[PDB]
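# Understanding the architecture of this molecule
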Protein chains: 6
Amino acid sequence: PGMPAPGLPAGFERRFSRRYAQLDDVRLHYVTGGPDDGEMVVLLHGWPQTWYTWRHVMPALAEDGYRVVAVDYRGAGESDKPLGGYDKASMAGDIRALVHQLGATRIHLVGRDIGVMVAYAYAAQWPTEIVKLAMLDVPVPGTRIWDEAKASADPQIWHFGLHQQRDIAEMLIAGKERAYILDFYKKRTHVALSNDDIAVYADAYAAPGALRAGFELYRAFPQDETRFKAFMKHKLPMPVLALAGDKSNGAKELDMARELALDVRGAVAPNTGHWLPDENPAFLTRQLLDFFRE
Amino acid sequence: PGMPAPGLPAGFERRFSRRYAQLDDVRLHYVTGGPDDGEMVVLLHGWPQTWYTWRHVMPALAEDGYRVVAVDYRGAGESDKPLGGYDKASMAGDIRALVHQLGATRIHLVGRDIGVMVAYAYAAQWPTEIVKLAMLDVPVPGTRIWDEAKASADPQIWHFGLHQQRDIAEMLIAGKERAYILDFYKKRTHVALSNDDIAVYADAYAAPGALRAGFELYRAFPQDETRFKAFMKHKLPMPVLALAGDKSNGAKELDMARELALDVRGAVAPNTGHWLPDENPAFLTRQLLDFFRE
Amino acid sequence: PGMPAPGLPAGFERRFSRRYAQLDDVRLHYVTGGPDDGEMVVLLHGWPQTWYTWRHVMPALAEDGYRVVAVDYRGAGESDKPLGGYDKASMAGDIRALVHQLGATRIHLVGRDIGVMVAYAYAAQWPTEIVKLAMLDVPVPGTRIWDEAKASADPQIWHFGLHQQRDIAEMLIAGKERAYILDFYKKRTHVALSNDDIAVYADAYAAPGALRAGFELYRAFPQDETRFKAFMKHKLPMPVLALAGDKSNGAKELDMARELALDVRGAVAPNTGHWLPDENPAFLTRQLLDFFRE
Amino acid sequence: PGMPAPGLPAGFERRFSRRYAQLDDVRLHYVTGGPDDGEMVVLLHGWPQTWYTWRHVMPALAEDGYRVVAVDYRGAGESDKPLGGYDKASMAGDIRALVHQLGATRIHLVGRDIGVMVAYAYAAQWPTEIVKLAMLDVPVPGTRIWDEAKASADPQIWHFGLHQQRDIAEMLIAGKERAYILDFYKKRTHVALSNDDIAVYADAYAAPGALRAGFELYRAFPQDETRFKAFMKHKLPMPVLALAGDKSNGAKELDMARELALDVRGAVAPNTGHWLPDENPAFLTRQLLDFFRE
Amino acid sequence: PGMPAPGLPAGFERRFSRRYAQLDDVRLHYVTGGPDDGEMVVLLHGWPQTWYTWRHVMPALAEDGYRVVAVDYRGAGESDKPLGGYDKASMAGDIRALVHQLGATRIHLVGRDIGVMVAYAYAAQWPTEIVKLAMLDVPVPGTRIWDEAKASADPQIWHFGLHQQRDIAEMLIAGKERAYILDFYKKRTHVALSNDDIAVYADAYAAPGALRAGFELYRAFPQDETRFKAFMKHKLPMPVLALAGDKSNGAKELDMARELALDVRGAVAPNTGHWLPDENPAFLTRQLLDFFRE
Amino acid sequence: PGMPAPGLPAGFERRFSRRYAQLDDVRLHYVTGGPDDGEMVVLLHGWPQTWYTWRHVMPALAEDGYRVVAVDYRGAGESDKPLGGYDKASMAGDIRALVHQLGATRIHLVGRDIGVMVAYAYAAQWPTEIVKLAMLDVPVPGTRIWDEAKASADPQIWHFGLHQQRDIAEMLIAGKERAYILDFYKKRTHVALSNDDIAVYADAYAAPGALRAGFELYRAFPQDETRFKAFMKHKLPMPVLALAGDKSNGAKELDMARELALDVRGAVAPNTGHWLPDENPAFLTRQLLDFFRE
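Residues numbered from 1 in each chain as written, not as in the entry; some residues may be left out. Chains lettered and ligands numbered in written order. Part of a larger assembly, values for the part shown. Heavy atoms only, no water.

Determination of this PDB entry was carried out by X-ray crystallography to a resolution of 2.2000 Å, according to the record.

Structure representation (structure tokens):
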């Protein structure tokens, strides 16, 4: 029993900090906590999200001694909104430059949606640098699960077309970010979420340039498909964990991951929709802690 | 003495949960609490309301051992907004499918306004399934009390015309839901309500499709009148309780119910307007608990 | 054959003029032409209209030697929008003050919709001053045709309720006058009209105070119903002509007038909707000229 | 020392209640507390205010055993917004009908701004019914202090012209109530107020009809001047207290009151602007308690 | 050589008329000309269009002795916007009811885009009533050309997804009809069109309910695909003409029609985009006249 | 007889030109025609106007051999909107700089409203440079007619207060220039004007800075009153003509001018309101030509 409880979990404000990393062109925002010497765990959100999606996962990771780094990737949240560089492979390079600036090289990596595309491109480009990789909720371009949704005209990716209309998508949705993003979020959730938590994301995407930069991730999709099919000719060597909720992609996340990697295990969260960190963080953290210590 | 106190009563968040039920086409949102094995009590709001109207009635019901289920019916609150199915008889079928999915068959049923129309159609269609039925605040289509308001051009149903103008009602009221619904609410209340509580409803009706779906309930009224007069040829067998406030429909709710059912008792809430759950929940819960245990 | 031709008929601008008349507490705008000494013919529009509705009738009246006076009544068009005086009997006093100010006493009088209510209250209050009375399109309060529409809850008067909600009607429709009024107009026409001509009306009602003043005509209906029923105990002595289109009120305009007057004749315009001067001015003009010279 | 503290004082919510009084046409909202048998004290706000302006005065009055009744007069706050009746003498009749419905006859009366006009008209019309009258902040129509501001074109009454423009004032200020009313308030205050408290008023005047009804008080001013000069031919018999802040009308409030009444005492609040209940409630309550018990 | 010439061709206004036809539950608007006894030719527009798209084709048809009937189908232009009936087969029933109401039985039938789907469902349901059928610009559901576009995720149907999001599409595009529709139109044209002519379409879709009604055409596509595949088991017996521009669907219009009909001929307009009646009416008119007299 | 004819008179476009003059800190826009060597006649508009108000007077002046110069003064029309210099005496310096820049020294000078204040300050500062002075419609600060209007609180200057509220006036009226200015204009006219002509003025004041610059004319009134009273100790020596309409200031324009000048003649236009050049240019033109050649 219990009504949705919005906001950061108790004690969060004391153990995490907001920080910036200046890369060559772009400044990235991220939130970090946990032991300065711990194994680094990087968490990458998707669309329409920010670092905030991980709020209920980050304390448990830090309390198990991980150095937690939750990044607003290029164009999202409080990060800069540059003109280009929104293909996932180049965005993986942004994350890597941030990791190196923090003194790390080998990391654990967790991604969902656009972030799982970024994460995969990070592992394909620098396989020796990713100790373990966890893949949540969405398939990556290049996979058959991806191609099947496209050829089916799957209802839950209806928005790819709209988002790929340069200037038209921005003109339609500017000023209506909250109504658009709340509707998007609730149609894919199964666990009841708080409007206040979803509004944290929506307000981020109403900031100047946030809509455009979010949509350019979609507009780079055909480039990602080409780049990713090339990546897929070399299966990933490191252990991979695939998770998704049963009301959304479910077992297809693990099907998808097996086309990508040699060493794969997976699970399906019960009574959970599209937003694993929002909807079922308890299941997510237990799976990650067992995976990372294994 | 006491100024209006907005929000959920103390302790509510701990004993109730928000949940979804997927029916064949439509997903319905509801809030539930109380013993899992208790006799189920279903509560149906009206226009412009959500489950939230019952917030002060639900804890007392659960504490007397009832399994409380307060539903956002088709098109309202956090439920889906489909193209059609807004005649009350079909909406009663939605509620019944939800009840069956929760493992129940025989229920106690409470409705107000549009919800009392839905509730009545539930009892007329499946009379053996409704153990007791409580009817609040508004008469149902087909009754003489209903027809008399229409032929009188009663001032408090001036909005039937406007709401029945497809697209015109939405175009006029979109963007002004809060000013429109607050004015609507306060003109029919007698006990002073908090603007914050009324704004919970208004914000629900500003969500995409909520205005249209709310208005299609009105646009189905001529169909309901025909269906309901057919229902009324067989009087209801189960005990029925009729309640309304003295500043609004008052004793006419009990007059109305006697055309519908054989076994009827009623009361009039003192110094109470149109919104019995908002205005006088203490009177309402005492009447319901005496009725349900009798 | 022929597409709708917007604007004033050829040669109108040269033969008619716009003028203002300052009365005690209202300035009225009116348009006039024809011989300065001719028998005066006064034409009264309704809602949502101005004098401009008579554009196709006025030249023929003037060319037959009548002094044509087309009035924007209190609150409409370019007339003033005072605080009160929107009961039809008091508005008929405005028209009389204007007629007297122009040097005339006996008039021929033509009204439609709200203007036919004003016209009737003019004839009832000063019967010796009305030579002949023509009644178009809409029944007047107090008649059985009026009372039946309300008790039937006739769909074509759905807007009475909305218009009687003070401040609520203005707030909903302000800024949407064109969309509101063009939809209202086209739903009641049968002859295709030009959007440019309907936009002349719509733009008049967007001017400061024009919505309020128009709606106050509706808000005075219960006062009008009481007053007119008293007028109706004395049937009018002067000749009366009743006209309406077959796609709208048709023969009921003549039924209604026979309750008001002793000397009544009528006709029904074929393939004509609610707006006789806009839709079929040729039929109207022939009827008015035959009646006036008879 | 101390930053402005917004909101109701501690303990207010427990000892006061919001209630309605239905008069013949109009429903008035008021807030009341204190002993049911105590001498009644009625408090009348001005423009742009509601009962809320008295929040810091009402507890001290109740704790000295007064039955406190703070009214939203006709058109303001949560009261109805009728078509007319905004001349102060008729508004005094509304307050008297409310007082009688509460079982009282003899009262103490406090008014400021428009409310002090209402209060004075109450005392002039029913002098035996007003035990003591306190007059704050603004002079009443008919006085020389009033006429001198008008002939001077005093800057702080620049808005009389604008407010007296029917429909133009509403069209300019609708949607900008908060910016307009905050600017109005701060330009006349001397003690720093909280924006949150001023926003309580501004939001009240953005409700449907609140702007129009507020402005009709100004539009009745020429009628009030005539009525009030007639009232002034009979000086008031009961004791009168005149108060104002030194940064605003100051000693002119007592000058003004001496043209109205025979038995007059006054004081000037130090370092206090136009809004005595908002700015210096401590000075105000001490003056009222000494006056009422004297 | 020549700049775009906006508006109706010279002499059109005199030879054609706008009319309404009241059917059971829909009033349809249409434009007609030519001899009252000529063989009837019905022209059906698509999205986002009205009858006005045929402006340059209708005079030549009438001058060759055809009775021209250009229909605004259910929900479009000046026609009514009912709640349902937007599956193409049911809309073909509207067109037939109109044809019969005009005294005709056998017709020549021309459609493009949504209108070519309606036209096909008309010929499939009542084949003996269609003398000849001309199919322009767009393939119909159920054909291989239609199925390939969806499985390819063809860029030029990106909007199907958005248009199928009920309430979301309306909320995003309301108030932006002109910018949305002019961009949509120009991206698919090859001949330069006048903004004034495209604005005729855009303004029609800004009218109350026009966005909803248009999008409901898209929302019925899965129902249409099922129905049309059943129609396609019986190839049409009457002669069929297929036309499309070379910069858009080109020869695929004839490929598609040979899957639907036994007797098919076609041509491809040179240097012509998606909008044959707007871009190259001279080519279209010659093709239609040669086909009709053959 | 005749309906309002909007626009420039026939043949105007060919005989007059728009030009700019760069002065030290302001660029002024003006319209000129007539013989390059003729005696110069300068025409100065008021609020809310531009040079366009003289459209019907300028051709007759030019055809009589005058060099016509109609100026948009500092801040108005197409002139610059600098930060200051809106006291009339300094603005008269702008006009003189322009006259000298055009090669002239002695001028005939015509002003109405704000332009008649500028014109008077021009004649008072450089009396030998003004051959004859014509004063229209409005009294100037410092005169008894001006002082009486303020002390009477004359209704027709209600807007002085609003216009003097810096930033508040701009915020309220921005975006509502057309509705604000058309209402202002029509309340002071007696001859019916075309909305299209008043909209020329209204659109000029919607341009960036035009509201501020116009209101700064009002905000300088107390500076103007002081300066003009000093000018008035020396009555003007050159011949003066005073004109105004009988429905507005009438004979008071001549009363006012006799306080300013020794050699004064005047006339009152019959059935003419506040806007002499718009309402009765024929009367104005005859008066100006007889005066100039006398």
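So, next bit.
### Focus: the overall build of chain A
Across its full length, chain A carries 14 helices and eight strands. Relative to the globule expectation of 19 Å for 294 residues, the C-alpha radius of gyration of chain A, 17 Å, shows essentially globular dimensions. Counting only C-alpha atoms, chain A reaches 45 × 45 × 45 Å along its principal axes. For chain A, buried positions account for 61% of its 294 residues. (Helix = DSSP H or I, 4+ residues; strand = E, 2+ residues; numbered from the N terminus. Rg over C-alpha atoms; globule rule 2.2 N^0.38 Å. Buried < 20%, exposed > 50% of the residue type's maximum accessible area, 1.4 Å probe, protein only.)

### Things to note about the packing of aromatic side chains
All names here are of chain D. Enumeration over the complete set of coordinates arrives at 141 aromatic pairs over all chains. Here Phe 228 and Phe 231 contribute two aromatic rings whose centre-to-centre distance is 5.9 Å and whose plane-to-plane angle is 40 degrees, an arrangement assigned as tilted. Within this pair, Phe 228 and its partner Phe 231 are both found in helix α11 (residues 221-231), separated by three residues, close to a single helical turn. Here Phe 228 matches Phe 231 in class, with each residue buried. (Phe/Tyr/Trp six-rings, centres within 6.5 Å; stacked < 30°, edge-to-face > 60°.)

### Observations regarding the sheet that holds strand β6 (residues 130-136) of chain D
Residue and element names in this part refer to chain D. With mixed pairing, eight strands are arranged side by side in an open sheet as β1-β2-β4-β3-β5-β6-β7-β8. Each of the sheet's edge strands pairs with one partner strand only, and the pair in question is β1 (16-22) and β8 (264-269). Neighbour-to-neighbour, the strand axes of the sheet open up by a mean angle of 20 degrees, direction not taken into account. Pairing between strand β3 (residues 40-44) and strand β5 (residues 107-112): four bridges, direction parallel. Bridge assignment links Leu 44 to a residue of β5, and that residue is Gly 111. Against the sheet, helix α4 (residues 114-125) makes contact with β3, β5 and β6, and its axis sits at roughly 145 degrees relative to β5, the strand it touches most. (Pairing = 2+ DSSP bridges. Axes fitted to C-alpha atoms, helices over the stretch in contact; angles between N-to-C directions. Contact = heavy atoms within 4.5 Å.)

### Quick word on the UniProt feature "domain: AB hydrolase-1" (unreviewed entry) in chain A
According to UniProt, the feature "domain: AB hydrolase-1" (unreviewed entry) maps to residues 41-281 of chain A in the numbering used here. Secondary structure across residues 41-281 of chain A comprises 45% helix and 15% strand; the distance between its end C-alpha atoms is 16 Å. (UniProt positions renumbered as here; feature names shortened; annotations may be inferred.)

### Notes on unusual backbone geometry
The linkage connecting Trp 47 of chain B with the following residue, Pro 48 of chain B, adopts the cis geometry, with an omega of -5 degrees. For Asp 113 of chain B, which is not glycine, the phi torsion reads 50 degrees and is therefore positive. Position of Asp 113 of chain B among the secondary structure elements: in the loop between β5 (107-112) and α4 (114-125). Despite not being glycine, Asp 137 of chain D shows a phi value in the positive range, around 70 degrees. Given a relative accessible area of 2%, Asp 137 of chain D falls into the buried group.

### Here's the deal with the relation of the copies chain B and chain C
Rotating chain B by 180 degrees about the axis while translating it 0.1 Å along that axis superimposes it on chain C, leaving an RMSD of 0.1 Å. What we have between these two chains is a two-fold relation. Across chain B, the smallest distance between a C-alpha and the rotation axis is recorded for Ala 151 of chain B, namely 2.1 Å. Counting the interface residues of chain B, we find that 100% of their copies in chain C are interface residues as well, pointing to one common contact surface. (Least-squares fit on C-alpha atoms.)

### Some thoughts on the interface of chain A and chain E
Chain A puts 16 residues into the contact, and the matching count from chain E is 16 residues. Taken together, both faces of the contact between chain A and chain E bury some 1500 Å²; the carbon and sulfur share is 73%. Put simply, chain A and chain E have zero salt bridges between them. At the junction of chain A with chain E, the criterion picks out four residue pairs in polar contact. Of all elements in the fold, only α5 (144-152), α6 (159-163), α7 (168-173) and α8 (177-188) of chain A reach the threshold of two or more residues within the side of chain A that touches chain E. Residue composition of the side of chain A that touches chain E, by class: 10 nonpolar, two polar and four charged. (Buried area = accessible area lost by both parts, 1.4 Å probe. Salt bridge = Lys/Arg side-chain N within 4 Å of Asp/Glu carboxyl O. Polar contact = N/O pair within 3.5 Å; in protein donor to acceptor, adjacent residues only side chain to side chain. Nonpolar A, V, L, I, M, F, W, Y, C, P; charged D, E, K, R; others polar.)

### Examining the sheet that holds strand β4 (residues 67-72) of chain E
All names here are of chain E. The mixed open sheet is built from eight strands, whose spatial order is β1-β2-β4-β3-β5-β6-β7-β8. Taken across any chain shown, the strands that pair with only one partner, and hence form the sheet edges, are β1 (16-22) and β8 (264-269). The average undirected angle you get between the axes of adjacent strands in this sheet is 20 degrees. Sheet strands touched by helix α4 (residues 114-125): β3 (40-44), β5 (107-112) and β6 (130-136). Its angle to β5, the strand with the most contacts, is close to 145 degrees.

### Section: the relation of the copies chain A and chain E
Both copies of the chain are related by one operation, a rotation about an axis with a shift along it. At an RMSD of 0.1 Å, chain A and chain E line up after a rotation of 180 degrees and a shift of 0.1 Å along the axis. Mapped onto chain E, 100% of the interface residues of chain A are again interface residues, and the two copies thus contact each other with one and the same surface.

### What about the pairing of strand β5 (residues 107-112) of chain C?
Residues and elements named next belong to chain C. With six of six residues buried, β5 lies mostly within the body of the structure. Because side chains alternate across β5, one face comprises the buried residues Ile 107, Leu 109 and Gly 111, and the other comprises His 108, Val 110 and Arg 112, equally buried. The sheet contact formed by β5 and strand β6 (residues 130-136) spans six bridges and is parallel. By the bridge assignment for β6, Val 110 is matched with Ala 134. Crossover handedness for the path β5 to helix α4 (residues 114-125) to β6: right-handed. (Right-handed = clockwise from strand over helix to strand, strands pointing away.)

### Considerations on the pattern of salt bridges
Side-chain pairs of opposite charge can arise whenever the charged atoms involved come near each other. Scanning the model with the defined rule gives 125 salt bridges over all chains in all. In this structure, the salt-bridge partner of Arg 15 of chain E is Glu 63 of chain E, at a minimum N-O distance of 2.8 Å. Linking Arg 15 of chain E in helix α1 (residues 12-15) with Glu 63 of chain E in helix α2 (residues 58-63), this pair joins segments that are 48 residues apart in sequence. Given a relative accessible area of 37%, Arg 15 of chain E falls into the partly exposed group. Between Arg 219 of chain F and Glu 170 of chain F there is a salt bridge; the shortest N-O distance is 2.8 Å. Here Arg 219 of chain F, found in helix α10 (residues 210-219), pairs with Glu 170 of chain F, found in helix α7 (residues 168-173); they are 49 residues apart in sequence, far enough to count as distant.

### Section: helix α11 (residues 221-231) of chain E
Residues of α11 of chain E that are buried: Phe 221, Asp 224, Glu 225, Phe 228 and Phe 231 of chain E. Each buried residue of α11 of chain E lies within a common arc of 125 degrees when the element is viewed along its axis, so the set occupies one face. (Arc of directions from axis to C-beta.)

### Re the interface of chain B and chain C
Counting residues at the interface gives 16 residues for chain B and 16 residues for chain C. For the pair chain B and chain C, the summed buried area comes to about 1500 Å², and 74% of that belongs to carbon and sulfur atoms. Inspection of the chain B/chain C interface yields zero salt bridges. Here chain B is connected to chain C by four residue pairs in polar contact. Of all elements in the fold, only α5 (144-152), α6 (159-163), α7 (168-173) and α8 (177-188) of chain B reach the threshold of two or more residues within the side of chain B that touches chain C. Classifying every residue of the side of chain B that touches chain C by side-chain character gives 10 nonpolar, two polar and four charged.

### Points about the side chain of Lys 88 of chain D
Residue and element names in this part refer to chain D. As for its placement among the helices and strands, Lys 88 is situated in helix α3 (residues 88-101). Separated by 2.8 Å, the side chain of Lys 88 and the backbone oxygen of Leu 217 make a polar contact. Beyond its immediate chain neighbours, meaning those up to four positions away, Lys 88 contacts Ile 114, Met 117, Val 118, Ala 121, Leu 217, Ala 220, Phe 221, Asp 224 and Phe 228.

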